[PDB]
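Okay, so we've got the same protein chain twice, two forms, each given alone as C-alpha cells, structure 1 and structure 2.
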Structure 1
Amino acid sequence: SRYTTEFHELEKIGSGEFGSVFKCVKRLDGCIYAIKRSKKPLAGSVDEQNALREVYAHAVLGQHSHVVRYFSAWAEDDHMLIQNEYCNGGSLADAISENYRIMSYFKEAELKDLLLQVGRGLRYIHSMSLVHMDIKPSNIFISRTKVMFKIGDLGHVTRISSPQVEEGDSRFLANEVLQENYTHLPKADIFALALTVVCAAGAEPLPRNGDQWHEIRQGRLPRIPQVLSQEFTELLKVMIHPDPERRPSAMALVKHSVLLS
C-alpha cells in the first residue's frame, strides 16, 4: 500500500463514521502530516460529493497561510486518503475544550487575532469564488511556532455562483441558508465565523434549535462571560445580522479598524 510505503503511523488524532485521521511521518522527507483515511463512499452519493469537494477545492485554492494545506490525495483498497499539513495545536475545538478542562479562556487580543486570521482565510477563499460552508471551531486548526489559525475540512466547499449546498452544522448555520436562499453564501461563512469566535470567547454551548437558536438568528449575540470592547462586540453583532447584506464581507472584515494588527 502507498499509505504504508510512504508513511509511518504515529497516532490516531481523529475518527468518525468515515474512518480515521492519523498523525504520520513521511519516510522520504521526515515531515509530519495529518492523513485522513476513509472508506470509499458510494459512487454518486453525498459522501462522494463531500470527498470530491475537498480535492476540487484545492484544485482551485492551492496554498495559503490560513488554509490547511493539501499535499496529495489517492484511493486504494476501497479507501480514500488525503494528506494534509499537520497543525500541531489541533483544532480550535480542542483548544477550547482544553481551556474548559483546565480553567482558561481567550483574551480579547486573542479573539481579535482569531477573527482576523480566519477572516484572511475566508477573504482568500471567497476571492476564488468559493465558500467554505462549514465554519466552526472544529474546522479551524492551529499551528504553534506564535500561533497561526488555518481553515480546514473543505468537504462542504462550493461555488458562490453555482452552489451545491450540503448544509453545515445547525449550530453555526445562518437562517437564510436554511431558507434555501443561496445568493449570499460568503455571508454565511461570516455568520458562522462570528459564532465561532463567540464559542472561543466562552459562551455557553450554542443551541441546535429552539427559541435560543431563533433569538440568535434575530441578531442577538450569545452571552459572553468576559468583558469585551463595545466596538469589538458590535462587530460580532453585525456579523450575525439577520440581513446577510448588512454583514461585513471578508474584505471589510480584514480591513476593519478594530482589527488593526
Structure 2
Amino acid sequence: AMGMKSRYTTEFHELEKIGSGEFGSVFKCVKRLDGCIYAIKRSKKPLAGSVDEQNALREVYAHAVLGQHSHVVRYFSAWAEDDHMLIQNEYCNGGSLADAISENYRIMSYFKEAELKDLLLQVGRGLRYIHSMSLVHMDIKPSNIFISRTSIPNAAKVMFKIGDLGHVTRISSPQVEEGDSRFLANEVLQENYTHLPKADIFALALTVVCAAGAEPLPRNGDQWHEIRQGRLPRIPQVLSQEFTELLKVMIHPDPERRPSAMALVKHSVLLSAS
C-alpha cells in the first residue's frame, strides 16, 4: 500500500484492479491532471543495485525505446515510492488476447480466419519494429498481447499491441532469459541464439493458434516436442490452405525457414488484412 501523499495517490485516482502478480498488481487509474485512463502496475520495489533491479529497469528501458510504435504498448512513466516500483502504461480496454480467448472459449467461440489474419498482421508489424531496433521480445504469447477497441467519431477499430516487455533483449545477446515454455522455440531452449528474432515468429504463430481456438499448449513432453518438429496444434476450425501454410512455416524447426517479421507483414495472405 501507498502513502496518501504518494505520487500514485495524489496524481491518480485508482479504479478497478485489472491484474495480479506474485509481488504486485495492476490498476485501471485516472490521472487527475489529464483525465485519461492508464494501467498502472505497482510491484514491490526491487532491491537497489540488484540483478532484480536490472531486470526491472530493462523493461522500462524497452518501453522507452519501443513504445512509440502503434503495435507496441505505450509507456508514459515509471517511478519508485513507498517500497513500490510503478509503471504507468496505456490502458488497453480489451484486455489481453488471453482474456479475449478465454471470453471466446466461455461462449464456445474463437477468432475466425479474418480476425486471425488481422492479429497476425498487427503483431507482426510490432515484431518488425522490435527486430528493426535490434531487440527481440522473447515472450510473445496471448497474455502479453493487448487489445484496444476504439471508436473514431468523425472519420471522413481493433488494435493489437505487444506488451509485457520484461523479456526484451538485444539480438546479439549471449545470455537470454527464456520466455513461456508453451511458446518457446526449441533452438532457444538449446541455447542456440543465432536467430533470436525467429523465436518470436515461432511464438507468434502459436499465439495465433491459441486465438483460433486450440486447446491448452503443452509446457513439456512429447506433444511439446511434436510441435517443435513443426506440427501445428489442432484447432476447432478449417482455415484456408494458404493461411495454414503460413502458420506452419512460422513454426518450422529450422528458424531460417520461418518468415522474418518483414516477410510476414508483406505476405500475400495478409494483404487481405491491410
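For clarity, a rigid core is taken as the largest C-alpha set superposing within 1.5 Å between two forms. Residues are numbered by position in structure 1's sequence, first residue being 1.
Here the rigid core is superposed between the two structures, and of 44, 205, 210, 30 the C-alpha of 44 is the only one to shift by 2 Å or more. Residue displacement note: residue 164 has its CA displaced by at least 2 Å between the two structures (rigid core superposed). When two forms of a protein are overlaid on their rigid core, residues whose CA moves 2 Å or more are considered shifted, and residue 69 is not one of them between the two structures. Core fit done between the two structures; CA of residue 117 shifted by 0.2 Å. On rigid-core superposition between the two structures, the C-alpha of residue 182 is found to move 1.0 angstrom.
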